[PDB]
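As structure tokens, one chain now follows by itself in the form deposited in one PDB entry.
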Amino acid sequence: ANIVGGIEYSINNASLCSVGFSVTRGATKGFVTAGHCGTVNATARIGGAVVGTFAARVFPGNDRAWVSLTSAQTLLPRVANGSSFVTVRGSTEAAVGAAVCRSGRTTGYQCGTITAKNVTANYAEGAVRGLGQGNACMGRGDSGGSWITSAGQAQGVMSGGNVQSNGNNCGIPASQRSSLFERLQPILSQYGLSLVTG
């Protein structure tokens, strides 16, 4: 499969999440995603085919993981934006107030601004600390997916948000949305990963 930020994958033929970013770990191909998407050794599929397995994860506390991929996968420095692509150019961290977008298999490509840092989410499983917050909308299934600026600076991966009864927060005003991302930088260093860029 071609590995592009935002696209769907399944975990153990059950849950669905979204790809964060293509990465390498030496010779090993991978992608980063959310930790709550899978446990270590869980099998990832794209287009019905096995693509790899969860190599490592932290959730809760953090919300991060990476999937180690078979060498047959094609890593790409891209995030889905409809039928087109945003090129991944680096991982410079944007400040509060910056514009940012996110990509995932439920709500697609959505944009807003970064509204806070260091946010705690109290999920069913426990607290997750240190999250970025934006007011781009999102929904169930977008978890794991890319947060990236229009200029190609990868910010993080989708963790969670104040979804409404329709499964998303797109039907409430931006002023009311809390859409939370796990910062990319600590994922990359924790697991010794390099972002695939173009």
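In this text, residue numbers run from 1 along the sequence as written.
Mean CA B-factor, 170-178 versus 9-17: the higher value falls on 170-178.
As listed in the deposited structure, the average C-alpha B-factor of 30-38 and of 47-55 is greater for 47-55. When the C-alpha B factors of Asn81, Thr87, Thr107, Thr113 are read from the deposited coordinates, the top value falls at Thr113. Of all the options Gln153, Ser159, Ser146, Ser165, the entry's greatest CA B-factor is assigned to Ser165. Split the chain's modelled residues into thirds by C-alpha temperature factor. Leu75 is in the lowest one. In the PDB entry, a CA B factor belonging to the lowest third of its chain's modelled residues is recorded for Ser103.
One more form of this protein, deposited with a partner chain bound, exists but is not displayed; see below.
Taking the partner from elsewhere, no residue among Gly30, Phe54 and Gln73 has a non-hydrogen atom within 4.5 angstroms of its partner chain in the entry with it bound. Within this chain, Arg140 lines the site of its partner chain in the entry with it bound, having a heavy atom no more than 4.5 Å away.
Heavy atoms of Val163 reach within 4.5 Å of its partner chain in the entry with it bound, making it an interface residue. Across the options 65-73, 42-50, 22-30, 142-150, residues that bring heavy atoms within 4.5 Å of its partner chain in the entry with it bound belong to 142-150.
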